[PDB]
Amino acid sequence: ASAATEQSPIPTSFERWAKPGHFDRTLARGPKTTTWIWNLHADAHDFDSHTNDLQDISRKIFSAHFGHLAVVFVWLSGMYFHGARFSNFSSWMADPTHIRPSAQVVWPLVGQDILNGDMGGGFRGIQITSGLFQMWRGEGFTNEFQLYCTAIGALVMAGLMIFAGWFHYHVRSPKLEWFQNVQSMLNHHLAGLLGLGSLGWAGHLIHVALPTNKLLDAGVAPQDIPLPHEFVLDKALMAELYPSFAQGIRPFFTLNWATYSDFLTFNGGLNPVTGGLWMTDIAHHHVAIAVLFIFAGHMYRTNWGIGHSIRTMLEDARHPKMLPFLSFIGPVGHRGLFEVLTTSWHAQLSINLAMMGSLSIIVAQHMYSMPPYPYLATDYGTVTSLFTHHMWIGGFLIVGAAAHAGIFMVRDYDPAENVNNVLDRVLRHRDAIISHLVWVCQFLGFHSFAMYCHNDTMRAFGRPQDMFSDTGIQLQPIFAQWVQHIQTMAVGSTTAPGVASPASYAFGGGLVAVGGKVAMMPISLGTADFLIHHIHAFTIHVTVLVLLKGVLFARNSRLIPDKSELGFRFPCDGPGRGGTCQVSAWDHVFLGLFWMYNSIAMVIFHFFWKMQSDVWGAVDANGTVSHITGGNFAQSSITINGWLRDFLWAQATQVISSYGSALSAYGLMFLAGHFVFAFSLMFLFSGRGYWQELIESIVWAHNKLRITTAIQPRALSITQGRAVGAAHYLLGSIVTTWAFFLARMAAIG
Amino acid sequence: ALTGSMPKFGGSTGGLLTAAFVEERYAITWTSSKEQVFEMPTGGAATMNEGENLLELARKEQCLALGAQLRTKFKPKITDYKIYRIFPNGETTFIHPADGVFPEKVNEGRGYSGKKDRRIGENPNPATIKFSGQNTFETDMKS
Amino acid sequence: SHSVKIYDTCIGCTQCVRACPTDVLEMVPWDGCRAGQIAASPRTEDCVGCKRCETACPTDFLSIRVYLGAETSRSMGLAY
Amino acid sequence: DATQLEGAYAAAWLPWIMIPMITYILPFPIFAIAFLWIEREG
Amino acid sequence: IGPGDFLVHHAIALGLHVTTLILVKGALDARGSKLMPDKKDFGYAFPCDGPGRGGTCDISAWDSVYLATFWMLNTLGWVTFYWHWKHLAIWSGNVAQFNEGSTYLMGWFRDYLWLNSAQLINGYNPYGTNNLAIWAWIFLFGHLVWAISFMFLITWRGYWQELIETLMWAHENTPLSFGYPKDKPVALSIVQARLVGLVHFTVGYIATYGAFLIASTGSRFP
Amino acid sequence: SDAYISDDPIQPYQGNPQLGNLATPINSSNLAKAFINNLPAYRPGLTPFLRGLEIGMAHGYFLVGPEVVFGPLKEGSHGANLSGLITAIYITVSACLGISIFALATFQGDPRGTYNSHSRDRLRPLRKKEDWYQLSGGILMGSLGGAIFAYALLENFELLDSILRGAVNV
Ligand code: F6C
Ligand code: CLA
Ligand code: CLA
Ligand SMILES: CC1=C(/C=C/C(C)=C/C=C/C(C)=C/C=C/C=C(C)/C=C/C=C(C)/C=C/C2=C(C)CCCC2(C)C)C(C)(C)CCC1
Ligand SMILES: CC1=C(C/C=C(\C)CCC[C@H](C)CCC[C@H](C)CCCC(C)C)C(=O)c2ccccc2C1=O
Ligand SMILES: CC1=C(C/C=C(\C)CCC[C@H](C)CCC[C@H](C)CCCC(C)C)C(=O)c2ccccc2C1=O
Ligand code: SF4
Ligand SMILES: [Ca+2]
Ligand SMILES: [Cl-]
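In structure tokens:
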């Protein structure tokens, strides 16, 4: 006890494990049919339906968060253990340009050890593309014992995280007043989690990572390097590397900060040795954002008078206190939104999922162009995998944001609470929002894709002067070209005199090549880039249309005026009014999952082809860059046929010709993804009554053999058939692209 | 001709369109004991006045969704709502409650209007009513 | 308009009438079951065809059937 | 060689006028006639 | 005939049997089943019987011919793929390509679909056009129509009806837009969109394979 | 409580909160109304032929340009201007055939929708079929004339250029 906020019941009982459905009143009835089995896992985590008190739900959520953190620590422990026992980390530490990262060996079972490929140095394993080796090199790891220590620490943290979740629910659980302290939570997360976290990491970088990386770039062998604590212990060794450590922590308090300008650099480019960002520049970044986040954490009034109250700031943002052109939001403004966000967990989850997915996408777009780890940009499989993975995670998270914005509407939205505020006023003109989104999606679909169809027709006619090419009708992205020119002019010896190099070489500047291969070089933006960015705008907008339509019409529409009474996840409202199939908000999350797939797949395809034809390659002794596919994005990626021939047919040479090699698992998974995609269409195109009527004949054949079962076999429900089809489509269609990307990048480098 | 104050509402895009004035409009009237916020079936939140309220909607289903909200989401319940159909010439017709009770109760005097003394599995099978015009439930016998 | 037919297996539970979003159905005296009531569908020009009345019916097979017929502006549920 | 469309066949001026008539001159009159036929009132 | 023929004959047997299953099931359950005893009173084509009784999507007998058109198309795809690859390997002289390559599925994927596509998809490239340009264009056209089918096949009616309601709002409130629909815009019905998506799937499936079979054969053997 | 109790910039359309529109600055400000209500479609008092004539002149004029710059004939001046002229001609004749068949199909007895006698649409004021036929004739005349005026200015661009540079005063 220290804050007098716990005393939680729910005694740790064991008997409550042999009674599935104990959470739901109808789930603990007695199965009867098979739909109960699927209903068990359809709302197992939905703690909002189970009970009605916000405080009990908040306690459950807090302990579930702790258990999730435990799961993530188990995963981290496993990754560090794989890097410490089944890896060539030491070999890669010796030569990180000729050795392929590998952290997984296959047992010698049926045909199975062929997947163990030669990774350089006599190591027979699987080439990992997770970027773990490049991350551990940048953090400061040199030997595998340190990785083993980190694995043990993560396992201990996992055990500690599953004790904190049991102690904050079964022993001393917080009150609801503690969860509603958003001021204190924001202060602590902004200053103590982000601020102190990045400050501690800056301390690590300044005393462990910067030493080790400086010696590594100098040329020292990995086990000839001192361990990190000697860098911490004696200041003579550390002052050999940096001459600003001879004055200790004195120039900082006497505000002579340019003394420290040799390990807090502000270069802003790429290390020529490694290929990653300047490590001193990274440490300076973390110091600056620690000072920024800690200072940001003193903003909200907590127990001492000074600060803001978010409720006051929300309630004052309203007409006539707004900017005159922003005054259309009326005299209520954001008045009832502090009580929306402190009483609805779904509203918070919707905002946090949207921001988390957007930030994961930002992470994907900032780590190919500013490679932040040593020898990262030259391992093209890792760059591809990291960009692609974070784009998929971001897209899924963003779809879940709309999912929970719709769950908030059907369940947690109260019309009496929020009257004539921004939330009420959005629901009160949503036909305008949706119709204008329909028109912009149409405009973007004609002016991106139908231009590709124009190009196909003009190229098949034999009139390429009529095409939307760089040699036909040019469509230069002059605004992005101008931004690229401003970015390369800014960094001159201007508007950013402190930096030497450009923030990325993607904007302009020079060419960084490491080990012969290109780390980074300018990404020229022509007509093909205009066309593919408008493809991206179009697909993002139709995803927004599909998802926002379900959020805005989750309560009711002109068709079904009482859709909130039907639920958030219901199949339909019968074949009447023409047929109201897929009117729920859940069905809009269903249809937006497909559109997020179609949007993120084209983003990862644009990245793969453009980086493979206009950045990645092999620099010779002179300096001439021979790109991987040979600069064919500017003329083949402007037709659909060139996308099917010069990208899909041509670059799938390495995944279908992989049988009998060490990449044969990728060919197997390529075919497996095609199977699972096609198998999904059985659930997506067919309906429930066919399958229930065919199960009738199968039940008859079973009754005749007297093999009748008590649990009555029923077809999958309508929304469950939709969920199964969507999950299968996404799984197969993404496993296919994963196998295609990874087989391609593990064969041609 | 219809009595009641329009509920306090800022307007929406979900309201009446052309078909309201060229085909038909519906009106729902109800008495509330206090001025309080309800949910419009067209989207948004409106405030019913104390006393008599009158609201025009585009569909009968919207008027019945509002009425179901009145008699279930409010304590005390508002069960005295009346729904009228308004025609383009101005003609108003009291439709709900059709009798004057409430369809869910049983009134002496309503009369059968869909009853078929059968048992579903004994409609005349379609081979016999082919070129007749009748379809299998709009008939009179039982096979 | 749709055709809503009520059969003599009706038990007068009123659940079809309570589930109707458009007020097509009402209860009439019958003395053909022990509740003394049977459903009726006079305002079947209002029927949209949602079949909520059929979902609400407890008898096997249903004592109420909706047959989707000629579409009007009311049965298509059009506010435009 | 082939700078334009040709016909090495009899009455080769007939595609020259038949393709406009069948494909972009007579179709919108036919569409108008069919639209007036399906929208005429009793 | 050899070992690669036995497997594809068993695949053809599977295809004819499942297509017959769907069609026989929908014909014999046309008059009624346990889920809908009076199905003969509702006709041959009708959307469903609502979401009651667990849900009754695709319950009509017309929906069986709907669901078996996919299986007919798939079975005839297997049949014509077998015939075409068998004969391409015979006509090229390299019959061992089909012999020791049709017993596993990557051989079908790589030695038939990928391999005999190189001339078709190069019908027009950034360097010029040969006479296979229309077959490349129709190949892509069939892919487009087949993909458009999945819009009618996966997305269902209420989504589009609510979208069309917003469009009706937008049109009545825009200035200078003097047209007005004489007949009210509604989304395509349930059975209608099933038929439209099936027609699209069929047309794209026929166009893609017709363009591939004429160009993979007419290029190798002009 | 707050639902139309405070006075905001966004009002109900025509003071009726049960109408399916809002009074926003884009459909209800004095500048937006002064521009739109004085456009030929909405200018008070005009006969339908003069409305259509001015609409057509403005429309046939700009419809010449897209094919002059972007068309298949764009490599040569004379053919580009001719392709733009006949594109404007074809689009005009198609649009006016559509106007004529809209009037033919819509105005049959009492029309349905916004041209019914009971309709309250302020944004569609051509309530009679005679208005629509006069509009079709005017849009056709004005649009074909504006198209050939743009064509004649583009054909003589060498002369119009030497004029506007004072090269004709030698
Ligand atoms: C005439 C009548 C009319 C009018 C007037 O008058 C109109 C108008 C409008 C406006 C207001 C708007 C805007 C414009 C734009 O931008 O975009 C364009 C488009 C178009 C289409 C354009 C149109 C134009 C016109 C058509 C012209 C004519 C031409 C000629 C006449 C033809 C020829 C004839 C012969 C005989 C063939 C709109 C729109 C929309 N739509 Mg709408 N329309 C209509 C028709 C129709 C139909 C049939 C359909 C089916 C297909 C639809 C559909 C649609 C959709 C989806 C949408 C969208 O998205 C949009 C919106 O919402 O926003 C927001 N819609 N629209
Ligand atoms: C993939 C299967 C397939 C194949 C290889 C063919 C092949 C042929 N058909 Mg076809 N046809 C098919 C399926 C097929 N058909 C089906 C399922 C139908 C029923 C609708 C038809 C109905 C049909 C008609 C009415 C005609 C043919 C004709 C022909 C012959 C000339 C066209 C050509 O040279 O090659 C090209 C083959 C393609 C498939 C090119 C793709 C064009 C797409 C499919 C257009 C979409 C329309 C529709 C789906 C089917 C049209 C097929 C036909 C017009 C080509 C050719 C032998 C013509 C003939 O008999 O010659 C004297 C003819 O008049 N067929
Ligand atoms: C290739 C297949 C394909 C195509 C062409 C489309 C097209 C479309 N989808 Mg769709 N969709 C698809 C697959 C496809 N989808 C699949 C597989 C799913 C499964 C989940 C969906 C699910 C889906 C949803 C949920 C939504 C859409 C929407 C849309 C519309 C977007 C607006 C737009 O782009 O305007 C432009 C039109 C096109 C790009 C169509 C092709 C036009 C060609 C290139 C030009 C034709 C020239 C000329 C007119 C031809 C005239 C010839 C004459 C003889 C007729 C659009 C018509 C959204 C919408 O309604 O937006 C408003 C909507 O919300 N789709
Ligand atoms: C909205 C707005 C705007 C726009 C505008 C526009 C859009 C424009 C335009 C324009 C145009 C578009 C114009 C036009 C025109 C025209 C004209 C000027 C015409 C003409 C003509 C003529 C003169 C003809 C003649 C003839 C005839 C009729 C007969 C015979 C032949 C001839 C040729 C003689 C802005 C933003 C700017 C601002 C303001 C407002
Ligand atoms: C195939 C299909 C079915 C049938 C699918 C079913 C019934 C689920 C199949 C899962 C099987 C039945 C697994 C269950 C078997 C037992 C769990 C035993 C498994 C043995 C292990 C214990 C070893 C639907 O119900 C359906 C509904 C709506 C749209 C499309 C479809 C659809 O496509
Ligand atoms: C896209 C889509 C729509 C919207 C599509 C509409 C409204 C079609 C209208 C597009 C234009 C107006 C017609 C296109 C014309 C065709 C190219 C040719 C048709 C001409 C013949 C009929 C003669 C639905 O209404 C729908 C309903 C149920 C399930 C799936 C869907 C669905 O996927
Ligand atoms: S087809 Fe299925 S989802 Fe559509 S209305 Fe009928 S039962 Fe509902
Ligand atoms: Ca030309
Ligand atoms: Cl091409």
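Chains as they are written, first to last, in the authors' numbering: chain A, 11 to 503, 527 to 782; chain D, 2 to 144; chain C, 2 to 81; chain I, 3 to 44; chain B, 522 to 743; chain L, 4 to 173. All C-beta atoms, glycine included, are put in the ideal place defined by N, C-alpha and C.
Hey, out of the options, whose CA is closest to residue i's CA?
i: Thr572 of chain A; options: A:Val547, A:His296, A:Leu369 and A:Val448; result: A:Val448
i: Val301 of chain A; options: A:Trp619, A:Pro236 and A:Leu200; result: A:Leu200
i: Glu349 of chain A; options: A:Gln190, A:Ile443, A:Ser479 and A:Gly229; result: A:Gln190
i: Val768 of chain A; options: A:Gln753, A:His707 and A:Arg777; result: A:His707
i: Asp134 of chain L; options: L:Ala106, L:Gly74 and L:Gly145; result: L:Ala106
i: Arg75 of chain C; options: D:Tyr27, D:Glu139 and D:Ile121; result: D:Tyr27
i: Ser183 of chain A; options: A:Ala618, A:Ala52, A:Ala357 and A:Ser12; result: A:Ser12
i: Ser646 of chain A; options: A:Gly664, A:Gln17 and A:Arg110; result: A:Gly664
i: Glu51 of chain D; options: D:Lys35, D:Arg120 and D:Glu40; result: D:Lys35
i: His761 of chain A; options: A:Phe710, A:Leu333, A:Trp102 and A:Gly612; result: A:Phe710
i: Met49 of chain D; options: D:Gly11, D:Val102 and D:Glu62; result: D:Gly11
i: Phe177 of chain A; options: A:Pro261, A:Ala74, A:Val115 and A:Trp117; result: A:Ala74
i: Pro30 of chain C; options: D:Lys106, D:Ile84 and D:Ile87; result: D:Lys106
Evaluate residue i with the Cβ neighbour count: other Cβ atoms within 10 Å of its Cβ, from every protein chain shown; 16 or more gives buried, anything less gives exposed.
i: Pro19 of chain A; result: exposed
i: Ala668 of chain B; result: exposed
i: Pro535 of chain A; result: buried
i: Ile744 of chain A; result: exposed
i: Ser458 of chain A; result: buried
i: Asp562 of chain B; result: buried
i: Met689 of chain B; result: buried
i: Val181 of chain A; result: exposed
i: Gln135 of chain D; result: exposed
i: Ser395 of chain A; result: buried
i: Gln38 of chain C; result: buried
With DSSP as the reference, please indicate the residues paired to residue i in a beta bridge.
i: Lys117 of chain D; result: C:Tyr8
i: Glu70 of chain L; result: Paired residues: none, contrary to the question.
i: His318 of chain A; result: A:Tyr310
i: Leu58 of chain D; result: D:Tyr27
Checklist entry - Quick one, which residues of the stretch 440-462 of chain A are near chain D if we go by CB-CB under 8 Å, in chain order? => result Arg440, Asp441 and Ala442
Item to check | Contact list for the stretch 685-707 of chain B against chain L, Cβ threshold 9 Å | outcome: Residues of the stretch 685-707 of chain B with a C-beta atom less than 9 Å from some C-beta of chain L are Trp690, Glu693, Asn694, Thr695, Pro696, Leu697, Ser698, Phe699, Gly700, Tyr701, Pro702, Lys703, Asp704 and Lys705, listed in chain order.
Next on the checklist: Which runs of the alpha helix (DSSP H) at least 4 residues long sit entirely within the stretch 701-741 of chain A? Give them in chain order.
Outcome noted: 721-737
Checklist entry - the stretch 553-569 of chain B: which residues have C-beta closer than 8 Å to a C-beta of chain D, in chain order? => result Among the residues of the stretch 553-569 of chain B, those with a Cβ less than 8 Å away from any Cβ of chain D are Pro558, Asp559, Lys561 and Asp562, in the order of the chain.
Next on the checklist: Any C-beta of chain L within less than 7 Å: which residues of the stretch 17-41 of chain I qualify?
Outcome noted: Correct list: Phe30, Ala34, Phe37, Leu38 and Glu41.
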